[PDB]
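Okay, query-v1.csv is below, CSV, C-alpha atoms and all ligand atoms:
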```
chain,number,residue,atom,x,y,z
A,1,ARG,CA,-71.6,44.6,-34.9
A,2,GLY,CA,-72.1,46.9,-32.0
A,3,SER,CA,-75.9,46.8,-32.0
A,4,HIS,CA,-78.2,48.2,-29.3
A,5,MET,CA,-80.3,45.1,-29.4
A,6,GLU,CA,-77.5,42.8,-28.4
A,7,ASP,CA,-76.5,44.9,-25.4
A,8,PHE,CA,-80.1,45.1,-24.3
A,9,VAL,CA,-80.5,41.4,-24.5
A,10,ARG,CA,-77.3,40.9,-22.5
A,11,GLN,CA,-78.5,43.4,-19.9
A,12,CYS,CA,-82.2,42.2,-19.7
A,13,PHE,CA,-81.9,38.3,-19.7
A,14,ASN,CA,-80.1,36.0,-17.2
A,15,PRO,CA,-76.5,35.2,-18.3
A,16,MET,CA,-77.1,31.4,-18.4
A,17,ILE,CA,-80.2,32.0,-20.6
A,18,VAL,CA,-78.0,34.2,-22.9
A,19,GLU,CA,-75.4,31.5,-23.1
A,20,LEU,CA,-78.0,28.8,-23.9
A,21,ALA,CA,-79.5,31.0,-26.6
A,22,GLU,CA,-76.1,31.7,-28.1
A,23,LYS,CA,-75.2,28.0,-28.2
A,24,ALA,CA,-78.6,27.2,-29.7
A,25,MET,CA,-78.2,29.8,-32.4
A,26,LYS,CA,-74.6,28.8,-33.1
A,27,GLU,CA,-75.6,25.1,-33.5
A,28,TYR,CA,-77.9,26.2,-36.4
A,29,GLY,CA,-75.3,28.6,-37.9
A,30,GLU,CA,-76.6,31.9,-36.7
A,31,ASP,CA,-74.7,34.9,-35.3
A,32,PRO,CA,-76.3,36.8,-32.3
A,33,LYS,CA,-74.2,39.8,-33.4
A,34,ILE,CA,-76.2,40.3,-36.6
A,35,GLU,CA,-79.4,38.3,-36.0
A,36,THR,CA,-80.1,40.3,-32.9
A,37,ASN,CA,-83.9,40.1,-33.2
A,38,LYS,CA,-83.7,36.3,-33.4
A,39,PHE,CA,-81.3,36.4,-30.4
A,40,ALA,CA,-83.9,38.3,-28.4
A,41,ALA,CA,-86.6,35.9,-29.5
A,42,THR,CA,-84.6,32.9,-28.5
A,43,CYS,CA,-83.8,34.3,-25.1
A,44,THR,CA,-87.4,35.1,-24.6
A,45,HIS,CA,-88.6,31.7,-25.6
A,46,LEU,CA,-86.0,30.0,-23.3
A,47,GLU,CA,-87.1,32.2,-20.3
A,48,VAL,CA,-90.7,31.4,-21.0
A,49,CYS,CA,-90.1,27.7,-21.2
A,50,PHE,CA,-88.1,27.8,-17.9
A,51,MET,CA,-90.9,29.8,-16.2
A,52,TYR,CA,-93.5,27.3,-17.5
A,53,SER,CA,-91.5,24.4,-16.2
A,54,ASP,CA,-91.2,26.2,-12.9
A,55,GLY,CA,-95.0,26.0,-12.5
A,56,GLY,CA,-96.8,22.9,-11.4
A,57,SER,CA,-95.3,20.2,-9.3
A,58,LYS,CA,-91.6,19.3,-8.8
A,59,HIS,CA,-91.3,16.2,-10.9
A,60,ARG,CA,-94.1,17.3,-13.3
A,61,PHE,CA,-92.2,18.6,-16.3
A,62,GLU,CA,-89.3,17.1,-18.2
A,63,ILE,CA,-87.5,20.0,-19.9
A,64,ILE,CA,-86.5,19.4,-23.5
A,65,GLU,CA,-85.7,23.0,-24.6
A,66,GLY,CA,-82.3,24.2,-23.6
A,67,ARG,CA,-80.3,21.0,-24.3
A,68,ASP,CA,-78.4,20.4,-27.5
A,69,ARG,CA,-80.0,18.5,-30.3
A,70,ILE,CA,-78.6,15.1,-29.6
A,71,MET,CA,-79.3,15.0,-25.8
A,72,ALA,CA,-82.8,16.5,-26.4
A,73,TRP,CA,-83.6,13.8,-29.0
A,74,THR,CA,-82.2,11.2,-26.6
A,75,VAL,CA,-84.5,12.4,-23.8
A,76,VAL,CA,-87.5,12.4,-26.1
A,77,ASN,CA,-86.6,8.8,-27.2
A,78,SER,CA,-86.5,7.7,-23.5
A,79,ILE,CA,-89.8,9.4,-22.7
A,80,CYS,CA,-91.4,7.8,-25.7
A,81,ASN,CA,-90.0,4.3,-24.9
A,82,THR,CA,-91.0,4.6,-21.3
A,83,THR,CA,-94.5,6.1,-21.5
A,84,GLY,CA,-95.6,4.9,-24.9
A,85,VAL,CA,-96.6,8.2,-26.4
A,86,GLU,CA,-96.1,8.6,-30.1
A,87,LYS,CA,-92.7,10.0,-31.3
A,88,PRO,CA,-93.1,13.7,-32.5
A,89,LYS,CA,-91.9,14.7,-35.8
A,90,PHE,CA,-90.2,17.9,-34.4
A,91,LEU,CA,-88.4,18.6,-31.2
A,92,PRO,CA,-91.0,19.7,-28.5
A,93,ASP,CA,-90.3,22.1,-25.6
A,94,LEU,CA,-91.4,20.1,-22.5
A,95,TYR,CA,-93.1,16.8,-21.4
A,96,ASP,CA,-95.9,16.7,-18.9
A,97,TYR,CA,-95.8,13.6,-16.8
A,98,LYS,CA,-99.1,14.5,-15.1
A,99,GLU,CA,-100.9,14.9,-18.4
A,100,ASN,CA,-98.4,12.5,-20.2
A,101,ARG,CA,-98.0,14.6,-23.3
A,102,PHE,CA,-95.4,16.7,-25.1
A,103,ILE,CA,-95.8,20.5,-24.9
A,104,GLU,CA,-94.7,23.0,-27.6
A,105,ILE,CA,-94.4,26.5,-26.2
A,106,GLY,CA,-94.8,29.5,-28.6
A,107,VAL,CA,-94.0,33.1,-28.2
A,108,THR,CA,-95.4,35.5,-30.9
A,109,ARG,CA,-95.4,39.2,-31.6
A,110,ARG,CA,-98.8,39.0,-33.3
A,111,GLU,CA,-102.2,37.5,-32.5
A,112,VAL,CA,-102.0,34.1,-30.9
A,113,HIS,CA,-104.6,32.8,-33.4
A,114,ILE,CA,-102.5,32.8,-36.6
A,115,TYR,CA,-99.4,31.7,-34.7
A,116,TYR,CA,-101.3,28.6,-33.3
A,117,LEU,CA,-102.6,28.0,-36.8
A,118,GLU,CA,-99.1,27.9,-38.2
A,119,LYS,CA,-97.8,25.8,-35.2
A,120,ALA,CA,-100.5,23.2,-35.7
A,121,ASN,CA,-100.1,23.2,-39.5
A,122,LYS,CA,-96.3,22.7,-39.3
A,123,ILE,CA,-96.6,19.6,-37.0
A,124,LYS,CA,-99.0,16.7,-37.7
A,125,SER,CA,-98.7,14.9,-34.4
A,126,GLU,CA,-102.1,15.6,-32.9
A,127,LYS,CA,-100.9,14.2,-29.5
A,128,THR,CA,-98.5,17.1,-28.8
A,129,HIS,CA,-100.0,19.9,-26.8
A,130,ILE,CA,-99.5,23.5,-28.0
A,131,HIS,CA,-99.4,26.6,-25.8
A,132,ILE,CA,-98.9,30.0,-27.3
A,133,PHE,CA,-98.2,33.3,-25.4
A,134,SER,CA,-98.2,36.8,-26.9
A,135,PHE,CA,-96.4,39.9,-26.1
A,136,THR,CA,-99.7,41.7,-25.4
A,137,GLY,CA,-101.0,39.3,-22.7
A,138,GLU,CA,-102.9,36.7,-24.7
A,139,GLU,CA,-102.6,32.9,-24.5
A,140,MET,CA,-103.9,30.0,-26.6
A,141,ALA,CA,-103.8,26.4,-25.6
A,142,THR,CA,-104.9,23.1,-27.2
A,143,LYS,CA,-108.5,22.0,-26.2
A,144,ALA,CA,-108.6,25.0,-23.9
A,145,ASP,CA,-106.3,23.1,-21.6
A,146,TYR,CA,-103.8,25.6,-20.2
A,147,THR,CA,-102.0,22.9,-18.1
A,148,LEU,CA,-100.7,25.4,-15.5
A,149,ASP,CA,-102.6,27.5,-13.0
A,150,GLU,CA,-103.6,31.1,-13.8
A,151,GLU,CA,-100.9,32.6,-11.6
A,152,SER,CA,-97.9,31.1,-13.5
A,153,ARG,CA,-99.4,32.1,-16.9
A,154,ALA,CA,-100.1,35.6,-15.6
A,155,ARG,CA,-96.5,35.9,-14.4
A,156,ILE,CA,-95.3,34.8,-17.9
A,157,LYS,CA,-97.6,37.3,-19.6
A,158,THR,CA,-96.4,40.1,-17.2
A,159,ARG,CA,-92.7,39.3,-17.9
A,160,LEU,CA,-93.5,39.3,-21.7
A,161,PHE,CA,-95.1,42.7,-21.5
A,162,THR,CA,-92.2,44.0,-19.4
A,163,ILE,CA,-89.8,42.8,-22.1
A,164,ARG,CA,-92.0,44.6,-24.7
A,165,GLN,CA,-91.9,47.8,-22.6
A,166,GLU,CA,-88.1,47.7,-22.2
A,167,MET,CA,-87.8,47.1,-25.9
A,168,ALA,CA,-90.1,50.1,-26.7
A,169,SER,CA,-88.3,52.3,-24.3
A,170,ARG,CA,-85.1,51.8,-26.4
A,171,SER,CA,-86.9,52.3,-29.7
A,172,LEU,CA,-86.2,48.7,-30.6
A,173,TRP,CA,-89.7,47.2,-30.3
A,174,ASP,CA,-90.9,48.2,-33.8
A,175,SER,CA,-88.0,46.4,-35.5
A,176,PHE,CA,-88.4,43.4,-33.3
A,177,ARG,CA,-92.1,43.2,-34.1
A,178,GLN,CA,-91.5,43.6,-37.8
A,179,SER,CA,-88.8,41.0,-37.8
A,180,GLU,CA,-91.3,38.1,-37.1
A,201,LIG,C1,-91.6,22.8,-36.2
A,201,LIG,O1,-90.6,23.6,-35.5
A,201,LIG,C2,-89.3,23.1,-35.6
A,201,LIG,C3,-88.6,22.8,-34.5
A,201,LIG,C4,-87.3,22.3,-34.5
A,201,LIG,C5,-86.4,22.1,-33.3
A,201,LIG,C6,-85.6,23.3,-32.9
A,201,LIG,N1,-86.4,24.5,-32.9
A,201,LIG,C7,-87.3,24.9,-31.8
A,201,LIG,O2,-87.4,24.2,-30.9
A,201,LIG,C8,-88.2,26.1,-32.0
A,201,LIG,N2,-88.1,26.9,-33.2
A,201,LIG,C9,-88.9,28.2,-33.3
A,201,LIG,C10,-88.8,29.0,-34.6
A,201,LIG,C11,-88.4,28.1,-35.7
A,201,LIG,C12,-87.1,28.0,-36.1
A,201,LIG,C13,-86.7,27.1,-37.1
A,201,LIG,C14,-87.6,26.4,-37.8
A,201,LIG,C15,-88.9,26.5,-37.5
A,201,LIG,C16,-89.4,27.3,-36.5
A,201,LIG,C17,-90.8,27.4,-36.2
A,201,LIG,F1,-91.1,26.9,-34.9
A,201,LIG,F2,-91.3,28.7,-36.3
A,201,LIG,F3,-91.5,26.6,-37.0
A,201,LIG,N3,-89.8,28.6,-32.2
A,201,LIG,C18,-89.9,27.8,-31.0
A,201,LIG,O3,-90.6,28.1,-30.1
A,201,LIG,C19,-89.1,26.5,-30.9
A,201,LIG,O4,-89.2,25.8,-29.7
A,201,LIG,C20,-86.8,22.1,-35.8
A,201,LIG,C21,-87.5,22.4,-36.9
A,201,LIG,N4,-88.8,22.8,-36.8
A,202,MG,MG,-82.9,45.3,-16.9
A,203,MN,MN,-88.3,24.0,-28.8
A,204,MN,MN,-91.3,26.3,-28.8
```
Represent the structure from my file as structure tokens, please.
Ligand SMILES: COc1cc(CCNC(=O)c2nc(Cc3ccccc3C(F)(F)F)[nH]c(=O)c2O)ccn1
Ligand SMILES: [Mg+2]
Ligand SMILES: [Mn+2]
Ligand SMILES: [Mn+2]
Amino acid sequence: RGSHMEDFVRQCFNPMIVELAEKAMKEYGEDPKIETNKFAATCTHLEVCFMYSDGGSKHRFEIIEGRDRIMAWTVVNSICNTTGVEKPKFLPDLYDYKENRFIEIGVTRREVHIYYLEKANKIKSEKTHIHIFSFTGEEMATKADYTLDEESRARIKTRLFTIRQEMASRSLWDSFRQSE
């Protein structure tokens, strides 16, 4: 129960992000006390989605990730019925009103190439945009369209590498990398 990874995640991430990740994991029947690597990954993905939405304009991004399943699906339904974009098979992460498209954010511990391959093979909706970040500073977006400016993506990559460094300083990075 008393794992180093859980305490590190509680010390490293914002309390609201921790609570959101806990709720998202408990909604799918997962315990952050035992599945600590998945807990860290969920916190990281949440923080990345939030930083991504922070970029761009004020009314640019509609945030899907973070809400519970029912409200998230309701928001996607409203977006689809308002704009006319095709309904995605799986719950995306954000919606860009400027580009008028759903965005799926990915955070991987390996090369962005194979991760984007799997993410584009698991979903068949070719309209949804995909954006993958790595823990080493690499990024990969659909049609070479990175949506945001270079500064926001650079901040995201810097935060990711800081998280990796803090994990390695506690001898927890190897297990986290092998978990994925
Ligand atoms: C095809 O994705 C899905 C997605 C859902 C909706 C809820 N989940 C997510 O949102 C989500 N989930 C993962 C990891 C994951 C977890 C469970 C199943 C698949 C995956 C993934 F994405 F690796 F395929 N990472 C993300 O980055 C992310 O956002 C429901 C079903 N499938
Ligand atoms: Mg800290
Ligand atoms: Mn998601
Ligand atoms: Mn995602």
Counting only C-alpha atoms, find the residues whose atoms lie at most 9 Å from (-101.6, 9.7, -21.7) (file coordinates) and write them out as a ChimeraX atom specification. /A:83-85,97-101
Proximity of chain A to ligand LIG 201 (chain A): per-residue shortest pair, 10 Å limit, all atoms listed in the file, as CSV:
```
residue,atom,partner,partner_atom,distance
A:24,CA,A:LIG201,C6,8.6
A:25,CA,A:LIG201,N1,9.8
A:28,CA,A:LIG201,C13,8.9
A:38,CA,A:LIG201,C10,9.0
A:41,CA,A:LIG201,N3,8.4
A:42,CA,A:LIG201,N3,7.7
A:44,CA,A:LIG201,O3,9.5
A:45,CA,A:LIG201,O3,6.1
A:46,CA,A:LIG201,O4,8.3
A:48,CA,A:LIG201,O3,9.7
A:49,CA,A:LIG201,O4,8.8
A:64,CA,A:LIG201,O2,8.9
A:65,CA,A:LIG201,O2,6.6
A:66,CA,A:LIG201,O2,8.9
A:68,CA,A:LIG201,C6,9.5
A:69,CA,A:LIG201,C6,7.8
A:72,CA,A:LIG201,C5,9.6
A:73,CA,A:LIG201,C5,9.8
A:88,CA,A:LIG201,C1,9.9
A:89,CA,A:LIG201,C1,8.1
A:90,CA,A:LIG201,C3,5.2
A:91,CA,A:LIG201,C5,4.5
A:92,CA,A:LIG201,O2,6.2
A:93,CA,A:LIG201,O4,5.6
A:94,CA,A:LIG201,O4,9.4
A:103,CA,A:LIG201,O4,9.7
A:104,CA,A:LIG201,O4,6.5
A:105,CA,A:LIG201,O3,5.7
A:106,CA,A:LIG201,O3,4.7
A:107,CA,A:LIG201,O3,6.3
A:108,CA,A:LIG201,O3,8.9
A:115,CA,A:LIG201,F2,8.8
A:118,CA,A:LIG201,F3,7.8
A:119,CA,A:LIG201,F3,6.6
A:120,CA,A:LIG201,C1,8.9
A:121,CA,A:LIG201,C1,9.1
A:122,CA,A:LIG201,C1,5.6
A:123,CA,A:LIG201,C1,6.0
A:124,CA,A:LIG201,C1,9.7
A:131,CA,A:LIG201,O3,9.9
A:132,CA,A:LIG201,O3,9.0
A:180,CA,A:LIG201,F2,9.4
```
Resulting file, chosen residues, C-alpha atoms, as a tab-separated table (two decimals), in the coordinates of the input:
```tsv
chain	number	residue	atom	x	y	z
A	24	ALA	CA	-78.60	27.20	-29.70
A	25	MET	CA	-78.20	29.80	-32.40
A	28	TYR	CA	-77.90	26.20	-36.40
A	38	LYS	CA	-83.70	36.30	-33.40
A	41	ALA	CA	-86.60	35.90	-29.50
A	42	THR	CA	-84.60	32.90	-28.50
A	44	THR	CA	-87.40	35.10	-24.60
A	45	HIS	CA	-88.60	31.70	-25.60
A	46	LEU	CA	-86.00	30.00	-23.30
A	48	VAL	CA	-90.70	31.40	-21.00
A	49	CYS	CA	-90.10	27.70	-21.20
A	64	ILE	CA	-86.50	19.40	-23.50
A	65	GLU	CA	-85.70	23.00	-24.60
A	66	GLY	CA	-82.30	24.20	-23.60
A	68	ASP	CA	-78.40	20.40	-27.50
A	69	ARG	CA	-80.00	18.50	-30.30
A	72	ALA	CA	-82.80	16.50	-26.40
A	73	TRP	CA	-83.60	13.80	-29.00
A	88	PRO	CA	-93.10	13.70	-32.50
A	89	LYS	CA	-91.90	14.70	-35.80
A	90	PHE	CA	-90.20	17.90	-34.40
A	91	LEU	CA	-88.40	18.60	-31.20
A	92	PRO	CA	-91.00	19.70	-28.50
A	93	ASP	CA	-90.30	22.10	-25.60
A	94	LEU	CA	-91.40	20.10	-22.50
A	103	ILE	CA	-95.80	20.50	-24.90
A	104	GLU	CA	-94.70	23.00	-27.60
A	105	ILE	CA	-94.40	26.50	-26.20
A	106	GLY	CA	-94.80	29.50	-28.60
A	107	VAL	CA	-94.00	33.10	-28.20
A	108	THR	CA	-95.40	35.50	-30.90
A	115	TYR	CA	-99.40	31.70	-34.70
A	118	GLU	CA	-99.10	27.90	-38.20
A	119	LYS	CA	-97.80	25.80	-35.20
A	120	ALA	CA	-100.50	23.20	-35.70
A	121	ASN	CA	-100.10	23.20	-39.50
A	122	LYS	CA	-96.30	22.70	-39.30
A	123	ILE	CA	-96.60	19.60	-37.00
A	124	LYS	CA	-99.00	16.70	-37.70
A	131	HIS	CA	-99.40	26.60	-25.80
A	132	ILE	CA	-98.90	30.00	-27.30
A	180	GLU	CA	-91.30	38.10	-37.10
```
Any residue with an atom at most 8 Å from ligand MG 202 (chain A) counts, using only C-alpha atoms and all ligand atoms. Which are they? Put them as a CSV table (one decimal) with C-alpha atoms, keeping the file's coordinate frame.
```csv
chain,number,residue,atom,x,y,z
A,8,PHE,CA,-80.1,45.1,-24.3
A,11,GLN,CA,-78.5,43.4,-19.9
A,12,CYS,CA,-82.2,42.2,-19.7
A,13,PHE,CA,-81.9,38.3,-19.7
A,166,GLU,CA,-88.1,47.7,-22.2
```
In Å, rounded to a single decimal, give me how far atom CA of residue A:1 is from atom CA of residue A:161.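 We find that atom CA of residue A:161 and atom CA of residue A:1 lie 27.1 Å from each other.
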Between atom CA of residue A:125 and atom CA of residue A:86, distance in Å (one decimal):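 Those two atoms sit 8.1 Å apart.
With distances taken over all atoms listed in the file, A:76 is the one residue among A:40, A:9, A:76, A:163 lying closest to ligand MN 203 (chain A).
The smallest atom-to-atom distance between ligand MN 203 (chain A) and any of A:47, A:112, A:3, A:29, using only C-alpha atoms and all ligand atoms, is found for A:47.
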To one decimal place in Å, what is the distance between atom CA of residue A:160 and atom CA of residue A:126? 27.6 Å
So, counting only C-alpha atoms, which residue among A:143, A:33, A:23, A:60 is closest to residue A:7? A:33
Selection: 8 Å around stretch 145-151 of chain A, all atoms listed in the file, excl. self and same-chain fewer than 6 positions, as number ranges by chain: A: 52, 55-56, 131
Between A:173, A:130, A:136, A:116, which residue has the minimum interatomic distance to ligand MN 203 (chain A), considering all atoms listed in the file?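 Counting all atoms listed in the file, the residue closest to ligand MN 203 (chain A) is A:130.
Between residue A:139 and the residues A:59, A:113, A:159, A:164, the shortest atom-to-atom distance, using only C-alpha atoms, involves A:113.
Nearest residue to ligand MN 204 (chain A) among A:144, A:177, A:50, A:135 is A:50, counting only C-alpha atoms and all ligand atoms.
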